[PDB]
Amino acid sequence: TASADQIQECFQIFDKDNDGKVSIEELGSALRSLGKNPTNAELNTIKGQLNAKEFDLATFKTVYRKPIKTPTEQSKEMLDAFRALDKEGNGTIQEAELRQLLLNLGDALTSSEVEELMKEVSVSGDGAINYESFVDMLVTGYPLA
């Protein structure tokens, strides 16, 4: 979990103009940068509670230290989700279906986000991806410095 020094460092990186404030539109990005993964719903509740267009470091610390799920806390739910989508029982999903779900349903990702995700994903000659490897990439990839 991010130390106080790591939280400050992160905040300062987001606070490009050094005025001690970061736009509320970047709160999700900043939390995510330090290994906590709010859903859109959760983030919206947090933003609504802040009732502000920007936040300071003290606030960021307070918000971040709450029990927002880390990536390992999401493994079970992700694997359950992918298993429910697994037609063949072989641990794969078609990358085309994955792209569609990410982009068109739920808390839809942007095209740019989806291309960055898929750049690191091995696709077979029948267009299949191993979803546990994908989950593993999401959970273990780019850990805290």
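All residue numbers are counted from 1 along the displayed sequence.
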property: Of 47 to 55 and 92 to 100, the stretch whose C-alpha atoms average the higher B-factor in the entry; result: 92 to 100
property: Entry-level comparison of average CA B-factors, 79 to 87 and 64 to 72, reporting the higher stretch; result: 79 to 87
property: Given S112, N40, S29, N37, the residue at which the Cα B factor reaches its maximum; result: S112
property: Residue with highest C-alpha B-factor in the PDB entry, from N130, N18, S124, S23; result: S124
